[PDB]
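Presented as structure tokens, the chain that follows is alone, the form deposited in one PDB entry.
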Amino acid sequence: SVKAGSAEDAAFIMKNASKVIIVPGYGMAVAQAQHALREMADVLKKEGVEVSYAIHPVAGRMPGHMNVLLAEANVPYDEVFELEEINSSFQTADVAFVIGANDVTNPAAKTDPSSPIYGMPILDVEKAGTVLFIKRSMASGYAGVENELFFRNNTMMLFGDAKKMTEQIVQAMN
């Protein structure tokens, strides 16, 4: 019951978008896809599109996992934003490019008192027009829970590696 999609699929969507917010996570680090990600970033910025990064406090597997890797790829500090300072922007955003992030976006933190992820504040990726979701499979994140977002009309699953998928998305663009 899941809307899948290819790299060319996701290329059309972000090219025809006024505002993108990249939501990097642990998968982005594993694939080492941060140089490829900031490439996709400044091809979008070159054509005029508004790009920013939404960093969850506990993205990756350590404090500042996302920061150091984005810093390696020379994404400037002014584009990178913390949860509390960027959650409102999702409303005014056509696309939430969720690269290798799962638990960080999961709305079960506020719709499932029984779930262990409950209580933790999350990134409201659902408030954006549509949501891209790069991950190799349908496997759960660290916390081992199904994502409600995974299957619903405003979401699309780009199945594969985060570096190869994002490199394939830059090629589909110009």
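Position 1 is the first residue in the sequence shown; the rest follow in order. The term rigid core refers to the most C-alpha atoms you can superpose between the two forms while keeping them within 1.5 Å. Residues that one form lacks are left out of the comparison.
This protein has a second form, the form deposited in another entry, left out of what is shown; the following refers to that one.
*Asks:* After superposing on the rigid core, which residue out of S52, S115, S140, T130 has its C-alpha displaced by 2 Å or more between this form and the one not shown?
*Replies:* Just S115.
*Asks:* Relative to what's shown here, the Cα pair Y142 and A109 differs by 3 Å or more in the other form. Does it come closer or drift farther?
*Replies:* So the answer is closer.
*Asks:* Closer or farther: how do the CA atoms of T111 and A93 lie in the other form, compared with the form shown, if the change is at least 3 Å?
*Replies:* More distant in the other form, by 3 Å or more.
*Asks:* Once the rigid core is lined up, which stretches of 3 or more residues in a row have C-alphas that move 2 Å or more between this form and the one not shown?
*Replies:* After core superposition, the one displaced run is 107-120.
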